[PDB]
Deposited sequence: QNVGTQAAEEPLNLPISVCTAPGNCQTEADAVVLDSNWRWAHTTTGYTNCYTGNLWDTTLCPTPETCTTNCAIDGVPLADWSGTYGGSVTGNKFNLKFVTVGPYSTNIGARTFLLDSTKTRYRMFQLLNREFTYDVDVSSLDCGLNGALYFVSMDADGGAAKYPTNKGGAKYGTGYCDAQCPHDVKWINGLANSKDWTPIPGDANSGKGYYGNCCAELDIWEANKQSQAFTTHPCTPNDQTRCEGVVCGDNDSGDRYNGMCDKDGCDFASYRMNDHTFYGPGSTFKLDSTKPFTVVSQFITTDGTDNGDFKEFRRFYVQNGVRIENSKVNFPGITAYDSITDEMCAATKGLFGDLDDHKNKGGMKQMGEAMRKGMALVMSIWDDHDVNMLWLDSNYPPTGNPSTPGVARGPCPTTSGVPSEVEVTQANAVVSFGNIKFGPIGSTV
C-alpha cells in the first residue's frame, strides 16, 4: 500500500520491561500500531474511499495492481485511538475496547520497537515472556488474544516495494490460519475476487491468504483459555492461493502449508473444568487480573538448542499457580506443550497431528529463533462463533468424548451480531509486559 497524507500516524507509547534477574529490569520504550486492515483506504491524490463497508471500489480497483496504484492507507492520530478504535494506554497497561461507536468492531495491534519504524522482534527460545491481563469483561463468544507471528520486522517493505508504510502502518499481517480477510498482502491490495463475509458489515475475503508460523500465548475470555503452537512449512510470511492456504471451505484444512489446529494446551479441554473460571473458588479467578508467565525451554538450555517445551504458570494476588494438567485415564498428566503431549492428546481426541507433519516443536522453535512480532487483539468469530475455544466443538459432539468440550459456554453462544450488542463494552487489558531469561520476570 501507498501511504496517505490525510492523517499522521501516531502509535500509542507502551513501555515494557527487559529483565536480567528477578526484580532487576529496565524499561524499553516501545509502542503499539494498528493493523492496516482497520485503516481508511482512499485515493492517493484525494478523499475518495477505495474500500467502504465490506467492498472495494470496482472503478478504482478493477485489478490489484490498479487498486494499489490508485489507493493509499492513512494514519491513526492520537485522538482517534480511543475515539474511533477503542485503544488506550495508561502507564504500562494497554486497553482494547471491543466495540467503539463510525462503529468499529474488534482490533488487532502490533508492538513497535523504540524507533517506531520496525516491529519489536522477540527471539523467544530459552526466554520467558510475561504480562498481566484482565479478561473479566469478556464472556462467551469473545477472545482477547495475545500471540506471536512470523511477520517481517518491516512488514514486508524490503520484499515488496509497493508497501510504502511497512511496520509503521501495521502492514504484513500473516498467521497460521492463512487468512484471506487481510486487505493488503505482498504490498498489493488483496482485491481480486473479493467477497463480503455475510453478516460482517466490515470484512471480506480476497483471492490470496497470508501464511506464517504462530505462537498463541493467550486465546481467552473469562470462561476458557488456551495456549497453542502453530508451525508452518516454511515458517516465514508466505502469500498463498489454492491448496497451499489450507482453506476450510474447500476441505483443505489439513492440506496447506500451516498447522491450523495447532497443538493446544487448554485447561478445560484437557479435562480440568475447575482450574480457570469467573469466581473466587476456581484456582485462577478470571473476574480479577492475573499474571501469565510463559517459558520456552530448549533441548540444551541454550539459545542454540531446539524448542522442546512450552511451560506455563500464573500469579494472582501474589499467589503462584502452576499450570493445570491433562486429566484422562491412561494419559500422562502433562502440564506443558511438548511433541509427546501433542501426539498423546491428539491420539486420544482423534485429531490429525498436523503439528507433527509440519515439523513439530523443532519447527515452531525455528520461527521463534528468527524472531516473531507481538500481536494484541480483541475479536469475535464469524466462522465458528468461538465454540472451538469455549464450548463444545463440534456443537453436535458428545461433551463426554475427550476433545469435544472446551468450555461451559452454550453452543448457541458467540453469534457475532449478538455478542456485538451484548458485549459492546468488553475491554481486554494487557500490561506490565516483561521479557528476559527463564526465572527473571517475577
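Chemist: List in ascending order the stretches of the deposited sequence, numbered from 1, that lack C-alpha coordinates.
Modeler: Unobserved in coordinates, per deposited numbering: 102-104, one stretch.
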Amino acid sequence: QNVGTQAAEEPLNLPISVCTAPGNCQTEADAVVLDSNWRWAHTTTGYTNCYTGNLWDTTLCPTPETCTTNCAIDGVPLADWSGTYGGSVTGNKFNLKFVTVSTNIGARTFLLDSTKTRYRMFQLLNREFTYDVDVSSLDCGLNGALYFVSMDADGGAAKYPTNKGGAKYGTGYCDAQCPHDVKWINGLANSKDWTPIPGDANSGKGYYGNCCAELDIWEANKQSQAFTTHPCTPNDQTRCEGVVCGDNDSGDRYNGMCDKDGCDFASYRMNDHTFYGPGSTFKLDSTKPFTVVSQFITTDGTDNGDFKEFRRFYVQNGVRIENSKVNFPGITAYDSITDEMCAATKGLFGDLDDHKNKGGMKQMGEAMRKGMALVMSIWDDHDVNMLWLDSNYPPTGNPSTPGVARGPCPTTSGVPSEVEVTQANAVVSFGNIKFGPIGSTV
From here on, numbers count along this sequence of modelled residues.
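Chemist: So which stretch wins on mean C-alpha B-factor, 375-383 or 54-62?
Modeler: Averaged over C-alpha atoms, the B-factors run higher in 54-62.
Chemist: Of the two stretches 28-36 and 42-50, which shows the higher Cα B-factor on average in the entry?
Modeler: According to the PDB entry, the answer is 42-50.
Chemist: Take the CA temperature factors straight from the PDB entry and tell me which of 216, 128, 132, 353 peaks.
Modeler: In the PDB entry, the greatest C-alpha B-factor among 216, 128, 132, 353 is found at 353.
Chemist: Per the entry, which of 311, 183, 159, 230 tops the list for Cα B factor?
Modeler: Highest C-alpha B-factor among the listed options: 159.
Chemist: Quick check on the deposited entry: does the C-alpha B-factor of residue 289 sit in the lowest, middle or highest third of its chain?
Modeler: Middle third, going by the recorded CA B-factors of the chain.
Chemist: Mind checking which third residue 22 falls in for C-alpha B-factor across the chain?
Modeler: For residue 22, the deposited C-alpha B-factor lands in the highest third.
Chemist: Sorting by Cα B-factor within the chain, modelled residues only, which third would residue 209 end up in: lowest, middle or highest?
Modeler: Its C-alpha B-factor, which the entry lists for residue 209, ranks in the lowest third among residues of this chain.
Chemist: Against its chain's modelled residues, does residue 404's Cα B factor rank lowest, middle or highest third?
Modeler: Middle third by C-alpha B-factor.
Chemist: Against its chain's modelled residues, does residue 144's Cα B factor rank lowest, middle or highest third?
Modeler: As the PDB entry reports it, the C-alpha B-factor of residue 144 lands in the lowest third of its chain.
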